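Protein sequence lines correspond, in order, to chains A and B. Going by the entry's author numbering, the first residue of the first sequence is number 5, and it counts up by one from there. Count the second sequence with the entry's author numbering and you get residues 11 to 26, 29 to 476, in order. Positions of the beta carbon are idealized from the N, C-alpha and C atoms, including for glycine. I have placed the structure first, in the form of C-alpha cells, so that the comments after it can refer back to it.
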Amino acid sequence: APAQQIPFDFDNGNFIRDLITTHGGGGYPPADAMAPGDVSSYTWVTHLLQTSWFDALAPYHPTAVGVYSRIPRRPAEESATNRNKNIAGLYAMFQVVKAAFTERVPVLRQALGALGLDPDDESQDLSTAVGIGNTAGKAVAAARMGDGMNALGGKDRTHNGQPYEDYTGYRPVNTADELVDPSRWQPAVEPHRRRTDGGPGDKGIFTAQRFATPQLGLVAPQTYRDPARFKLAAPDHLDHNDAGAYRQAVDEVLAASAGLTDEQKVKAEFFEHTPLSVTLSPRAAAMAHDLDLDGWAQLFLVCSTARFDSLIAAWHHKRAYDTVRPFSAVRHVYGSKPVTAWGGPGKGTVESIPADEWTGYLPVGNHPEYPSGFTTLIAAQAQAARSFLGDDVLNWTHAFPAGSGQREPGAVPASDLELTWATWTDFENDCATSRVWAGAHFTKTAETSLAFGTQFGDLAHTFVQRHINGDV
Amino acid sequence: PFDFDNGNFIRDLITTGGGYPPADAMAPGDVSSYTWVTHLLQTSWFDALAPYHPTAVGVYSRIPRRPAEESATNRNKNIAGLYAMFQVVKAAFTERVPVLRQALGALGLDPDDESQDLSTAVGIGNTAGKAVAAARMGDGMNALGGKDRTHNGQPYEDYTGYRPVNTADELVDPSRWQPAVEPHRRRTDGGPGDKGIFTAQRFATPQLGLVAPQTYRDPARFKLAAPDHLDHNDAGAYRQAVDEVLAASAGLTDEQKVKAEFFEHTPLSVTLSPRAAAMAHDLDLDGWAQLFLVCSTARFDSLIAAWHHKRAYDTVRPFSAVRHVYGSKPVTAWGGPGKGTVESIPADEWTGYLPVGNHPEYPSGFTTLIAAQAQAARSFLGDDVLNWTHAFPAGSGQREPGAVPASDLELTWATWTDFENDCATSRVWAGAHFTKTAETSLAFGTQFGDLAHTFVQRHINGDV
Ligand SMILES: [Cl-]
Ligand SMILES: [Mg+2]
Ligand SMILES: [Mg+2]
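If you want it as C-alpha cells, here you go:
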C-alpha cells in the first residue's frame with residue numbers, strides 16, 4: 005500500500021539487522037535484476053553498499069574514520085541512541101543505490117518514505133544524520149563508479165558504452181562450437197533465460213557465454229594493489245596432455261553428478277545464491293555474537309572487504325589461467341559415449357546419458373574454471389568473520405520447504421529440509437564441495453580455492469581495525 | 011462485455029491505437045519463434061470454425077460438419093475458437109496459460125473442460141487445437157527441445173550444427189555474419205534479464221529453415237539473388253552499402269526512429285496489421301479467421317524460406333561491415349542515446365538505432381514477412397486498403413524514452429503498399445539491414461502471399 009509504514013525503532017533498532025538483512029529463514033529471497041549466481045557484479049556493488057554503512061557510522065564512533073570519506077567526528081551525545089546512525093546508514097546506502105543499483109531505487113524510495121524519511125533529501129549538512137549519510141554514500145560512489153569495473157560503461161570509448169562492458173579485450177581460444185584447447189575455457193551455449201529457475205529473459209533465444217566482467221581482476225583492491233602478488237599454483241590437474249589426470253578430474257565430476265542427493269542439490273543451489281549464502285552468513289554470525297549496531301557495520305565491512313579483495317584476485321587468476329570448465333572436459337574425454345551421472349530434471353541418476361548431453365546440476369558459470377570464485381570468496385569471508393568475531397561460531401540454520409529447489413521445483417527437496425552450519429569451517433567446506441555437486445568445478449580446483457581465499461580475510465581484518473582505530 | 015452471439019472473439023478479445033503492448037517472455041523483435049507459435053494459434057482458430065462453415069475443412073483436422081442452425085449466431089464458433097487456441101497455448105505457450113485460464117473463466121467458460129464431444133463447441137475446439145499441436149509440436153522447429161538428443165534438451169535448441177565463420181571478437185570474413193556482443197537485457201527498452209552480463213549472439217532458431225512449410229515442401233525452390241552488394245572483395249560496392257547505412261543513421265528523424273521501433277515490434281506491426289485490414293473491410297467472424305490464417309500462412313512460409321536463405325547466404329550485418337570499412341576512423345552517424353547526429357563517432361563504436369537481430373542479414377526477416385503478409389491480405393480482401401493509424405505520444409519511444417518523439421506523433425498507412433515500403437526502409441533506419449537487402453526482401457516475400465491465398469481458399473472450399 006502506498007501509505008503503508010514500516011515499523012522500526014530508530015532509537016534502539018539496528019537497520020542492518022532489522023531492515024536490510026531481514027528474512028523469514030526459509031527459501032530463497034525474491035528475484036530482481038541481479039542474478040543470484042552472478043558473483044562478480046554482486047560482490048562489487050555490495051561492497052559499495054556495505055562500505056557506505058561503515059563510512060556513515062564512522063563519525064558517530066569515538067575513533068573510527070571512513071574508508072572513502074573523512075567526516076568530522078560528532079559529539080558522543082549524538083550516539084546516545086541509534087537514531088542518527090540508523091538514519092545516516094540508510095541515506096548512505098541510498099546514495100550508493102542511486103549511483104550503482106538504479107533498478108532498486110523505486111523500492112528503496114518507497115521503503116524510506118514508509119520509515120518516515122524524506123527520499124528526496126539531498127542535504128549534506130555534516131551535523132545531521134541525513135547529511136552525513138548522503139556525504140558518505142556519495143563519497144563511496146564517487147571513488148568507485150569510475151574504477152576498473154566499468155560499471156557506468158564509459159571506459160576506453162566515447163559512444164554507445166554499456167555498463168560493465170568488457171574493455172580488456174579478453175578472447176577465449178575456444179568457441180562454443182569448437183574445443184580447440186581442451187585445457188582452456190570454452191563458452192557454453194545457454195538459453196537466454198539462464199538462471200537455475202529459468203529467470204527473466206526472452207523465450208526461445210540462446211546465447212554464447214562471455215567472460216563475466218573480466219575487468220574485475222583489474223579494479224583497485226581495498227587492502228593491496230596487485231593481485232598477481234598472491235601466487236596460485238597452476239591447474240596441472242586439467243592439463244589435457246596428462247590424459248590420466250584430466251580423465252580422473254572428469255570422472256570425479258561425473259561421480260559427484262551420479263551421487264546427487266536432495267541435500268547436495270539444495271546445497272549446490274544454496275552456495276551459488278549470493279543474496280542468501282554470501283550476504284546473509286555474516287548476518288547469522290552477527291546474530292550468534294551479540295553485536296551492537298557498530299559491530300554489525302564493522303563485521304559486514306570486514307566480510308565484504310574480504311569478498312571484494314579475494315574475488316579480484318580470483319578473477320585475476322581466472323583470466324591468467326583461463327581454464328576449461330567441466331562440461332567441456334566431460335565431452336573431451338568421452339565424446340558421445342554414455343556415462344553414469346545425473347540424467348537431467350526428473351531423471352535422477354542414469355547409467356547411459358551421452359557425455360555430450362551431460363550438464364552440471366546448475367547452469368555453469370560464464371567464466372573460466374580456476375580458481376572457484378565462490379569458494380575463494382567464502383573462504384576469505386569465513387576468515388574475516390573468524391578474525392573479527394574471535395571464534396569460528398556461525399550457528400546458521402536455513403529451511404528449504406519441500407519442492408522449493410529451483411532446478412527441480414516441486415520434486416527437490418522431497419520433504420522439508422533444514423540445513424545447519426555450526427561453524428564457518430563447516431560452511432566453507434560445504435561451499436567448496438557444493439561447487440563439484442553443481443558440476444561447475446573440479447575437486448582439486450575447489451580444494452585449492454579454499455586454501456587460496458583464507459589469506460584475504462586476514463588482510464580485511466587488519467584493514468577494518470585500522471579504520472576503526474582512526475587510521476593514524 | 012463480450013457478446014457470444016453477435017461478437018467476434020478475434021476482434022473483441024484476442025487482438026484488442030497508441031503505444032506498445034505490454035511485454036512478456038516473447039521479445040517483440042524475435043520474429044522466428046513468434047511467427048511459428050502464432051501460426052499454430054491462428055490456424056487453430058480456422059480449424060475450430062471449419063465444421064461450422066458450409067464447406068470449409070480444417071488444415072490439421074477433419075471434424076464432421078455441424079448443422080447450419082449451430083452457426084445462426086457466433087456463439088459456438090466463438091467458443092470453439094477460444095478452446096482451440098487454449099489448447100495451442102497449453103502446448104506451445106505455457107507462459108500464457110494463467111492469463112488465458114483467467115480470461116476464459118471471466119467469459120463463463122470452464123478452463124478445465126477437456127471434453128472432445130464433436131457435437132459441442134468446446135469439444136470441437138479442444139479437438140481442433142490438439143490436432144494443430146500434435147502435428148506441429150514435433151516438427152523441425154524443436155519447440156520442445158528433444159530433437160536429436162535424449163537428455164537435457166532445451167526448447168528451440170539449435171540442432172543443425174550451424175556456426176558462424178566469424179566470432180564476436182574477430183571478423184575473419186567481412187562478407188559473412190558475425191554475432192554481436194550484447195547486454196543480457198537485450199531488448200530495445202532493456203527488457204528482462206540479468207544485470208551486468210553480456211552474451212554473444214547465436215543464430216536464432218536456424219532450424220526454422222528446415223521445418224515443414226504449409227504450402228510447399230522445399231524452400232530452396234524459391235530463388236533469391238546473391239547479395240553481391242556485400243561481397244567484401246568488391247570494395248566499392250561493399251563501402252557503398254555501408255555508407256548508405258551510415259547516412260540513414262546520420263539522417264534519423266523522430267518519425268524514422270519510431271517507425272524503426274514500430275516495424276520491429278511483432279505483436280504490433282505484424283500481429284495487428286491484419287486486424288486493421290479486417291476492420292477496414294467489415295468482415296464477419298469467418299472472414300476474420302480466414303484473413304488471419306492467410307496472413308499467418310504467408311508469414312510462416314515466407315519466413316521459412318527467408319531463414320533457409322539467411323543460413324545459406326550467412327551474410328554480414330551492418331555493424332560488422334561498418335567496422336571493416338572504417339575500423340576506428342570517425343564517421344558521421346547517430347552518436348547514441350541523447351546525442352543525435354555527430355560528426356566523429358568512431359566506426360567501431362557505432363551501433364544501429366535498434367539492437368541488431370541475432371541472425372544473418374540476408375534476406376530481411378521482417379521485410380520478407382510483411383511483403384508476404386501484405387500480398388496475402390491483398391489477394392484475400394481484393395484491394396490494397398489498410399487504413400491503420402497508430403499514435404506515439406511524446407517520449408513514448410523505447411530506445412530514447414522521454415526524448416523521442418519530441419512531440420505527439422501519428423503514423424498512418426492507407427495501403428499495404430505504403431506499410432511494406434515503410435517496413436523495408438525502417439530496417440535501414442534501424443541499422444539492422446542494408447538498403448539493397450531490404451529492397452530484394454520486399455520483392456522476395458510477395459510470392460508467398462499468393463501461395464497462402466490459394467492454400468486457404470482450397471480449405472475454405474473443402475479441399476476436393
Ligand atoms: Cl550451416
Ligand atoms: Mg544496537
Ligand atoms: Mg460477425
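Original post:
Would you say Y168 (chain B) faces chain A, with C-beta separation under 8 angstroms as the test?
Top reply: yes
Subject >> Residues in the stretch 205-216 of chain A having any Cβ partner in chain B nearer than 8 angstroms >> reply: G205, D206, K207, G208, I209, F210, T211, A212, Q213, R214, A216
**OP:** Tell me whether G352 (chain B) is buried or exposed, calling it buried when 16 or more other Cβ atoms sit within 10 Å of its Cβ.
**Re:** exposed
Original post:
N90 (chain A): beta carbon under 7 angstroms from a heavy atom of ligand 2?
Top reply: no
Original post:
Out of curiosity, what's the CA-to-CA distance linking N473 (chain A) and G135 (chain A)?
Top reply: 23 angstroms
Original post:
Hey, is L94 (chain B) close to ligand 3, as in C-beta under 7 angstroms from one of its heavy atoms?
Top reply: no
**OP:** Report the three-state DSSP secondary structure of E412 (chain A) (helix, strand or coil).
**Re:** coil
Original post:
Taking 7 angstroms as the cut-off, does the CB of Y374 (chain B) come closer than this to any heavy atom belonging to ligand 1?
Top reply: no
Original post:
Rounded to a whole number of angstroms, what is the C-alpha to C-alpha distance between residue 27 (chain B) and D396 (chain B)?
Top reply: There are no coordinates for residue 27 (chain B) in this structure, because the numbering of chain B runs from 26 directly to 29.
Original post:
Hey, is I357 (chain A)'s beta-carbon within less than 8 angstroms of any beta-carbon in chain B?
Top reply: yes
Original post:
Comparing alpha-carbon positions, which option in A:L222, A:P195, A:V343, A:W441 lies nearest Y168 (chain B)?
Top reply: A:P195
Original post:
From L236 (chain B) to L242 (chain B), what distance separates their C-alpha atoms?
Top reply: 14 angstroms
Subject >> For review: beta carbons within less than 6 angstroms of any heavy atom in ligand 3 >> reply: B:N18, B:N86, B:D296, B:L297
**OP:** Pull up the CB-CB distance for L366 (chain A) and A444 (chain A), whole angstroms please, since I reckon it's below 8 angstroms.
**Re:** 6 angstroms
Subject >> Per-residue contacts from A37 (chain A) into chain B (C-beta, under 8 angstroms) >> reply: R197, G205, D206, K207
**OP:** Using a Cβ cut-off of 8 angstroms (strictly closer), state whether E361 (chain B) contacts chain A.
**Re:** yes
Original post:
Got a sec, what are the start and stop residues for the beta strand (DSSP E) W400 (chain A) sits in?
Top reply: 397-404
Original post:
Roughly how many whole angstroms lie between the Cα atoms of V49 (chain B) and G208 (chain B)?
Top reply: 31 angstroms
Original post:
For ligand 1, which residues count as neighbours when the test is a C-beta closer than 7 angstroms to any heavy atom?
Top reply: B:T172, B:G173, B:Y174, B:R323
Original post:
Taking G150 (chain A) as the reference, which of A:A92, A:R87, A:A224 has the closest Cα?
Top reply: A:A224
Original post:
Counting Cβ pairs, one atom from each stretch, are 3 or more of them under 8 angstroms apart for the stretch 215-229 of chain B and the stretch 316-327 of chain B?
Top reply: yes
**OP:** Over the uninterrupted beta strand (DSSP E) stretch that includes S356 (chain A), give me the two end residues.
**Re:** 353-358
Original post:
Which of the three DSSP states, helix, strand or coil, is assigned to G30 (chain B)?
Top reply: strand
**OP:** Could you work out which residues of chain A lie near residue 28 (chain B), taking near to mean beta carbons separated by less than 9 angstroms?
**Re:** Between 26 and 29, chain B has no modelled residues, and residue 28 (chain B) is one of the positions in that gap.
**OP:** Examine chain B for any beta-carbon lying closer than 8 angstroms to the beta-carbon of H163 (chain A), and answer yes or no.
**Re:** yes
**OP:** Look up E422 (chain B) in the DSSP assignment and give the residues it is bridged to.
**Re:** B:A403
**OP:** Compare the C-beta of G348 (chain B) against all C-beta atoms of chain A and say whether one is closer than 8 angstroms.
**Re:** yes
Original post:
Taking Cβ positions only, does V416 (chain A) come closer than 8 angstroms to chain B?
Top reply: no
Subject >> Start-to-end residues for the alpha helix (DSSP H) that takes in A133 (chain A) >> reply: 133-148
**OP:** Could you say which of A:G31, A:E82, A:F98, A:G41 lies nearest to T55 (chain A) if we only look at CA atoms?
**Re:** A:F98
Original post:
Does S45 (chain B) come within less than 8 angstroms of chain A when only Cβ atoms are used?
Top reply: yes
Original post:
Under the DSSP definition of a beta bridge, which residues are partnered with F210 (chain B)?
Top reply: B:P195
Original post:
Can you find a CB in chain A that lies within less than 8 angstroms of the CB of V71 (chain B)?
Top reply: no
**OP:** Quick one: which residues of the stretch 269-287 of chain A get their C-beta closer than 9 angstroms to a C-beta of chain B? List them in chain order.
**Re:** none
**OP:** Consider the Cβ of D42 (chain B): report whether some Cβ of chain A lies at a distance smaller than 8 angstroms.
**Re:** yes
Original post:
How about the stretch 281-289 of chain A and the stretch 452-472 of chain A: do they share at least three Cβ pairs that are nearer than 8 angstroms?
Top reply: no
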